[PDB]
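Throughout, read-outs are computed from the coordinates displayed, never taken from laboratory work. Please note: Cβ atoms are built from the backbone with ideal geometry, for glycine as well, and neighbour counts cover all protein chains shown.
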Amino acid sequence: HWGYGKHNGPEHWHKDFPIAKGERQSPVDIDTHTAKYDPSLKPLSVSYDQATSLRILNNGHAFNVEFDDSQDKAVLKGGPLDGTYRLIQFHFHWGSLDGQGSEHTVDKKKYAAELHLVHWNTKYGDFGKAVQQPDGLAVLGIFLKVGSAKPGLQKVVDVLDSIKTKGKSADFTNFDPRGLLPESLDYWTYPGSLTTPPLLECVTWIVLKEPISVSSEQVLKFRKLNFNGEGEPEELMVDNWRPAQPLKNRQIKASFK
Ligand SMILES: [Zn+2]
């Protein structure tokens, strides 16, 4: 099955998922000089005050912090969006070293990691129905650079020892994702896809300009996770990022001058 290696990594995904070579694939390089300021774009509304995390899961490619999405409690609206998108999970992509790990790039710069907060459009009723629609998901992407620790990440870091291998989960209640947000909500936006199989072209991407800082110790703990299951030959969970894909017939718009 698909993964991140030589024999099953991104360059192979098109065989099982031909949409990998589609017209609106993600991630992309964000050419900052090309991206046009769009005065019609609205401020992002991130309303996470009632977010209810439930659990954290090692799914064999990343770890997902999952939320209760049975009610309107953690929602993304405004920005480029029409209507209301509810938070289902967040996860990260990261590298083996600090010089790679992000999926989006900025003028070809790779960050150490990238956080994806995944939200589905309430007008389709559930996540599985939303991913079948071109406006089904809104993903908020946030870059990570290595420097000062992010205090609000440490609770995530300190549970990873308990979900080292694929298929392990742990109770993970009361985590506040507001602690992962940078100060500015300036963003770029474009139409794209999930960055993991099935690579469905259902996402409005909202990529924040301002990275968050995490410490080297925090990222090092991400890199102790395993792609393999318990007891299997150890292969560290690193370099779980898809590279930038062709922009094709898309415009990236900036919320900021
Ligand atoms: Zn992702």
What list of ³J(HN,Hα) values in whole Hz, one per residue of the range 157-164 in order, does the Karplus curve 6.51 cos²θ - 1.76 cosθ + 1.60 (θ = phi - 60°) give from phi, with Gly and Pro shown as x?
3, 7, 9, 5, 4, 8, 10, 5
Scan around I30 for amide H atoms under 5 Å from its own, H built in the peptide plane at 1.01 Å from N, and keep only partners 5 or more places away or cross-chain.
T105, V106, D107, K108
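Please tell me the relative contact order of the chain in percent, rounded to the nearest whole number, where contacts are Cα pairs under 8 Å and at least six residues apart.
27
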For a 21 Å ceiling on Cα separation, which of these pairs sit above it: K109/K145; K21/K145; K6/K168?
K21/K145; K6/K168
Using only the Cα atoms of the chain, each taken as one equal point scatterer with no solvent, compute I(q) by the Debye sum, divide by I(0), and report log10 of the ratio at q = 0.12 Å⁻¹.
-0.67
Most exposed first, judged by fewest Cβ atoms within 10 angstrom, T173, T52 run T173, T52
How far is it, in nm, from the label point at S184 to the one at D107 when both lie 7 Å from their Cα along the line to the Cβ?
1.3
Taking the alpha-carbon centre of each part, the distance from the range 26-41 to the range 196-257 in Å is 19
Counting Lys and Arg as +1 and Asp and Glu as -1 over every other residue whose Cβ sits under 13 Å from the Cβ of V106, the net charge comes to -2
Between the modelled labels at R250 and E210 (7 Å from Cα along Cα→Cβ) the distance in nm is 2.5
If a paramagnetic tag sat 7 Å from the Cα of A149 along the Cα-Cβ line, which residues of the range 216-239 would have the backbone N under 12 Å from that point?
216-219
Would you calculate the separation in nanometres between label points at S70 and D31, each defined as 7 Å from the Cα along the Cα-to-beta-carbon direction?
4.8
Neighbour-count ranking for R178, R55 (other C-beta within 10 angstrom, fewest to most) reads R178, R55
Antiparallel bridges, percent of DSSP beta bridges restricted to the chain (to nearest 5)
80
